[PDB]
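A.B. asks:
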Ligand SMILES: COc1ncc(-c2ccc3ncnc(-c4cccc(C(=O)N5CCN(C(C)=O)CC5)c4)c3c2)cc1C#N
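Numbering (the working numbering), first residue to last: 171 to 955.
#1: Specify the secondary structure class of residue 431 as computed by DSSP and reduced to three states.
#2: By the DSSP assignment, the beta strand (DSSP E) with residue 270 in it spans what residues?
#3: What residue does the alpha helix (DSSP H) around residue 790 start on, and which one ends it?
#4: Starting from residue 833, trace the alpha helix (DSSP H) both ways and give me its first and last residue.
#5: Do residue 847 and residue 837 count as a contact pair if the criterion is CB distance below 8 Å?
#6: Identify the continuous beta strand (DSSP E) that holds residue 585 and give its terminal residues.
#7: In whole angstroms, give me the CA-to-CA distance for residue 755 and residue 320.
#8: Report the residue from 354, 335 and 906 whose alpha carbon sits nearest the alpha carbon of residue 386.
#9: Cβ of residue 758 versus every heavy atom of ligand 1: is any distance shorter than 7 Å?
#10: With a 10 Å radius around its C-beta and 16 neighbouring C-beta atoms as the bar for buried, classify residue 617 as buried or exposed.
#11: Could you check the C-alpha separation between residue 653 and residue 642 for me, to the nearest Å?
#12: Mind checking whether residue 708 and residue 686 have CB atoms under 8 Å apart?
#13: Given a cut-off of 8 Å on the beta-carbon distance, is the pair residue 950 and residue 859 in contact?
#14: Within 7 Å: the Cβ of residue 770 and any heavy atom of ligand 1?
#15: Any heavy atom of ligand 1 inside 7 Å of the beta-carbon of residue 678?
#16: At 3 residues or longer, and completely inside the segment 560–606: list those beta strand (DSSP E) runs for me, N to C.
#17: Would you kindly report the start and end of the unbroken alpha helix (DSSP H) that includes residue 705?
#18: Starting from residue 682 and walking both ways along the alpha helix (DSSP H), at which residues does that stretch end?
#19: May I ask which residues mark the beginning and end of the beta strand (DSSP E) holding residue 230?
#20: Check the C-beta distance from residue 324 over to residue 282 and give it rounded, since I have them as a contact under 8 Å.
#21: Under three-state DSSP, which class holds residue 730?
#22: Out of 567, 746 and 265, point me to the one whose CA is closest to residue 405's CA.
#23: What are the complete beta strand (DSSP E) segments, minimum 3 residues, inside the segment 481–560?
#24: Report back the beta-carbon spacing between residue 908 and residue 605 to the nearest angstrom; my notes put them in contact at under 8 Å.
#25: Who does residue 777 pair with in a DSSP beta bridge?
#26: Tell me whether residue 746, by its Cβ, gets closer than 7 Å to a heavy atom of ligand 1.
#27: Identify the continuous beta strand (DSSP E) that holds residue 714 and give its terminal residues.
#28: Hey, would you say the C-beta of residue 638 is under 7 Å away from at least one heavy atom of ligand 1?
#29: Going by beta carbon distance, what residues of the same chain come within less than 7 Å of residue 553, once the five residues before and after it are set aside?
#30: By a C-beta neighbour count over all protein chains shown, 10 Å radius and 16 as the cutoff for buried, is residue 393 buried or exposed?
#31: Quick one: does the C-beta of residue 773 sit closer than 7 Å to a heavy atom of ligand 2?
#32: My assumption, with CB atoms under 8 Å, is that residue 843 sits in contact with residue 801. Please give the rounded CB distance.
#33: Specify the secondary structure class of residue 675 as computed by DSSP and reduced to three states.
#34: Nearer than 7 Å: is that true of the beta carbon of residue 767 relative to any heavy atom of ligand 1?
#35: Which complete alpha helix (DSSP H) runs does the segment 883–925 hold, if anything under 4 residues is left out?
#36: Measure the C-alpha to C-alpha separation of residue 740 and residue 899 and round it to an integer number of angstroms.
Structure, rendered in structure tokens:
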């Protein structure tokens, strides 16, 4: 009786009824559901038994940065009284907890410090400066506000959150766009490479050189209906999920336009799609087992020598695995068995090398499982960093039950932050028919393993439902009345009991540690841009100035490129900080949540260069005079430096990623001096050269006409930042390679990925690449008036 309600909620949450899965009567979809539910309920079981410090690690993972005086305000749970302490930046949380315990009435290890009005906590053997909240409070100049939450209070949160040897050569039987003759071109693929010659049909509008023993485990039959005028395409795995070779006829529901990367599952639109009927022949015959395979196991000459020293490749150079995998003959079963035998004794590879193995160039199930075993060593911070890519790779998968789905679902049920973003990446693509079944099932399994978080996500989904309804009203009204009239009409709609409830008391889909408490309707409005986005302000009494946070709701545009660009800039910032370089970056949150729908984090105390220049004796002084008002006296020098660093950081970021169409309207400055970029519509030269605006150069130069001292410090930052990224060049190339799965119009072919190779100058020597950058930087200076 209670299971009916839970299933009803899952259906509403995932944006797909659970009845649709059962109606398919597909054994693959049924076996995934039954197996994955047990795996998820086991995770929920192990979670309700975890200790209070272990639960805190699940629900509120620590936000850490990749001696000095500090005034901290410590509070207690269920008390209005607060006390200010003189603690060091080197001091641990346990020492600060001892001070609060010492502080007036009549063990510190039984407590955890909560960040006021936020789902963030301060615990563990880490100095105060290492935590992202205390670190940010130092730079902002704001006093950190903490709460002494006892073990009994944390434990009560866990309790409230309760739950085959045949040499026979391999070998067509509606709703087609008429004109011309229709021909079916077919090929046998194993990832990118072809197993044999692409045999096509006979050339009027409703109408292989490989042995069966040689066909690999992960082989695909790729069809295409031509007229040259393309009509449709269709893919199929020759072996099923149960490991047996496909026998008999099959009706293939074609996708509208050989495409190897495309899905192996059929078109859901059975009514309005072209169907191709194929005759797959009688041989039961299942693929040989691991025991049977192990019992059997660059230029043309360069690849021949790599295959000869295959045994030496395992011992001498184990990181060369990928080069050997692209040289192995997948069209010859004897060669596959010898390679697979080497893969079983192959030692575990580092995270960087495993990220490469997850590409479409390595479609083998065993080679795939090797990459997951090597990716198990990823930290929850590293896994979150590459989460977008690992979700896109699920589109390359052949079967519903895969090692990547197990790993992502296993880590998501072990970390609430990881499970939060895995939910949104899956939910935001339920409009796309090719992934809607897979993504739907993965989200259902997660819900079976997290009934409390399911209701937490339901509240987020309800807020976003009211936001679309309010935005459509804004869209219609903006084309009919004056802005103040529309804004008041929006406020009235928001002030409704249905809206006030849904829009208040929730977790930010952008940051689960950010609590969207009370909605500040009076301060809410909409942006003048084409899609009329919504400016939604919030406030929390318990958090004070920390709860004064905002969100931007935008419907009508694809937010995937922006999310990807910002994440890359955030990876740039992390790698820079790792080499001691803090370029004061502002990687604001950007998370798509639906069909051309998403959320963008509000950077408070910021304005656009355009609004600052439009209002000083000279226009060149505007940007600087603004920083003089927002930073008077001694504070200006710190702000010119914050500007200088962020300008250097954003100059390299836009150059390396090839972001163009940068103007005064899509560049912002924070009152701290921190410059940042918004609206990343175009990237990877869709060649964008280095850019130096004289308006920013005037600020770097402290107002002076010829300040070589300050300007050249800035050249140094750009150079340092560029050389740091160059070292991790492969990280960006490997991540962008996996992102080809997403189907982003500016990231589809090899030419887009080649842009990153040219911008980072991967081939050239560090000395030679620094000079090439020095020529482009100087050309950017000459370009400034
Ligand atoms: C995916 O595209 C995007 N990318 C980045 C941003 C983005 C992100 C953070 C931001 N943080 C702070 N300000 C902005 C920003 C930039 C330009 C104009 C305005 C604006 O319309 N205002 C009227 C309301 N208002 C007040 C006080 O009433 C504030 C000014 C706001 C921000 C814009 C947005 C989008 C979109 N759509």
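Think of the CB as a built atom: it goes at the ideal place given N, C-alpha and C, for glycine as much as any other residue.
C.D. replies: So, from the data block:
#1: Residue numbering aside, residue 431 sits at position 261 when the chain shown is read from its first letter. Residue 431 falls in the coil class under three-state DSSP.
#2: Counting from one through the chain shown, the residue named residue 270 turns up at place 100. Run containing residue 270: none in the beta strand (DSSP E); it sits in the alpha helix (DSSP H), 263–272.
#3: The residue given as residue 790 occupies position 620 in the chain shown. Residues 789–800.
#4: Numbered from its first residue, the chain shown carries residue 833 at position 663. Where residue 833 is concerned, there is no enclosing alpha helix (DSSP H), given that its DSSP letter is neither H nor E.
#5: Here residue 837 refers to the residue found at position 667 when the chain shown is read from its first residue. Here residue 847 refers to the residue found at position 677 when the chain shown is read from its first residue. Against a cut-off of 8 Å, the Cβ pair of residue 847 and residue 837 comes out as a contact.
#6: Within the chain shown, numbered from 1, the residue matching residue 585 stands at position 415. Run containing residue 585: none; DSSP gives neither H nor E here.
#7: Counted from its first residue, the chain shown places residue 755 at position 585. Counted from its first residue, the chain shown places residue 320 at position 150. C-alpha separation (whole angstroms): 36 Å.
#8: The count along the chain shown starts at 1 and reaches residue 386 at position 216. Measuring from the Cα of residue 386, the nearest candidate turns out to be 335.
#9: In the chain shown, the residue the question calls residue 758 occupies position 588. Answer for residue 758: yes, Cβ within range of ligand 1.
#10: Against the chain shown, residue 617 aligns to sequence position 447. Label assigned to residue 617: buried.
#11: Numbered from 1 along the chain shown, position 483 holds the residue referred to as residue 653. Numbered from 1 along the chain shown, position 472 holds the residue referred to as residue 642. Straight-line measurement puts the Cα of residue 642 at about 15 Å from the Cα of residue 653.
#12: By 1-based counting over the chain shown, the position of residue 708 is 538. By 1-based counting over the chain shown, the position of residue 686 is 516. Result yes, Cβ atoms of residue 708 and residue 686 sit closer than 8 Å.
#13: Taking the chain shown and counting its residues from 1, one reaches residue 950 at position 780. Taking the chain shown and counting its residues from 1, one reaches residue 859 at position 689. Taking 8 Å as the Cβ cut-off, residue 950 and residue 859 qualify as a contacting pair.
#14: Reading the chain shown from its first residue, position 600 is the one you call residue 770. Checking the Cβ of residue 770 against ligand 1 gives yes.
#15: Within the chain shown, residue 678 is the residue found at index 508, counting from 1. Not so, every heavy atom of ligand 1 lies at least 7 Å from the Cβ.
#16: Segments of the beta strand (DSSP E) lying fully in the segment 560–606: there are none.
#17: One-based indexing of the chain shown puts residue 705 at position 535. It is not in any alpha helix (DSSP H) - residue 705 instead sits in the beta strand (DSSP E) that spans 704–710.
#18: By one-based count along the chain shown, residue 682 stands at place 512. Under the DSSP assignment, residue 682 falls outside any alpha helix (DSSP H), being part of the beta strand (DSSP E) whose first and last residues are 681–686.
#19: Start at 1 with the first residue of the chain shown, and residue 230 comes out as number 60. Where residue 230 is concerned, there is no enclosing beta strand (DSSP E), given that its DSSP letter is neither H nor E.
#20: The residue labelled residue 324 in the question sits at position 154 within the chain shown. The residue labelled residue 282 in the question sits at position 112 within the chain shown. Right, their Cβ atoms sit about 6 Å apart.
#21: Locating residue 730 in the chain shown gives position 560, counting from the first residue. Residue 730: helix per DSSP, three-state reduction.
#22: Translated into positions along the chain shown, residue 405 becomes position 235. The shortest Cα separation from residue 405 among 567, 746 and 265 belongs to 567.
#23: Taking only runs of at least 3 residues, no beta strand (DSSP E) segment lies wholly in the segment 481–560.
#24: Here residue 908 refers to the residue found at position 738 when the chain shown is read from its first residue. Here residue 605 refers to the residue found at position 435 when the chain shown is read from its first residue. Between residue 605 and residue 908 the Cβ distance is about 15 Å, and since that is not below 8 Å, they are no contact.
#25: Working through the chain shown from its first residue, we reach residue 777 at position 607. The partner list for residue 777 (beta bridge, DSSP) reads 839.
#26: If you number the chain shown from 1, residue 746 lands on position 576. Incorrect: residue 746 has no Cβ contact closer than 7 Å to ligand 1.
#27: Locating residue 714 in the chain shown gives position 544, where the first residue counts as 1. Element bounds for residue 714: 714–725.
#28: Position 468 of the chain shown holds residue 638. No, the Cβ of residue 638 stays beyond 7 Å of every heavy atom of ligand 1.
#29: As a first step, residue 553 is located in the chain shown; it is residue number 383 there, counting from the start. Answer for residue 553: 581 and 588, listed in chain order.
#30: Here residue 393 is taken as the residue at index 223 of the chain shown, counted from 1. The residue is buried, with at least 16 neighbouring Cβ atoms inside 10 Å.
#31: In the structure on display, ligand 2 does not appear, and the ligands it does have are ligand 1.
#32: Start at 1 with the first residue of the chain shown, and residue 843 comes out as number 673. Start at 1 with the first residue of the chain shown, and residue 801 comes out as number 631. Sure, about 7 Å apart at Cβ, within 8 Å.
#33: In the chain shown, the residue the question calls residue 675 occupies position 505. Looking at residue 675 - three-state DSSP - the assignment turns out to be coil, as it is neither helix nor strand.
#34: Indexing the chain shown from 1 puts residue 767 at position 597. No, ligand 1 has no heavy atom inside 7 Å of this Cβ.
#35: If only complete runs of 4 or more residues are kept, the segment 883–925 shows the alpha helix (DSSP H) at 899–908, in order along the chain.
#36: On the chain shown, residue 740 is found 570 positions in, with the first residue counted as 1. On the chain shown, residue 899 is found 729 positions in, with the first residue counted as 1. Rounded to the nearest angstrom, the two C-alpha atoms are 15 Å apart.
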